[PDB]
């Protein structure tokens, strides 16, 4: 897939992603906070279409992600991220996608997610997160 790296910011305001309940996660885009102002990150799109979009608007700065979880598995011979769930101090968003395969979860006790990087081909191949105090 095509690798992307948004880098690190001051916080997260909104997440826009798409999924297909039969395959995996597709598009991924984040609106970050940059020192008090919104900063629209680049839209990282799948090479294909047919995904269902969803918008996750956080009540920044009072609301923030405390845990990210999901599943990774094989789709058409490729290991990809099949589902994602975002748990904040207020609500739980998701799961989005297919909850099948190998689970993973990153609970944060102290700190914040301030950026994302990864790769998307037909689906989200992999992703990593920037953490800061």
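Residue numbers count along the first chain shown, from 1.
Original post:
Mind checking which third residue 107 falls in for C-alpha B-factor across the chain?
Top reply: Residue 107: CA B-factor falls in the lowest third of its chain.
Original post:
C-alpha B factor of residue 98, ranked within the chain: lowest, middle or highest third?
Top reply: It falls in the top third of the chain.
**OP:** Give the position of residue 117 by CA B-factor within its chain, expressed as the lowest, middle or highest third.
**Re:** Ranked within chain, residue 117 CA B lands in the lowest tercile.
Subject >> Entry-reported Cα temperature factor of residue 86, expressed as the chain third it lands in >> reply: For residue 86, whose C-alpha B-factor we compare with every modelled residue in the chain, the answer is the middle third.
Original post:
residue 58's Cα B-factor: lowest, middle or highest third of the chain?
Top reply: Highest third, going by the recorded CA B-factors of the chain.
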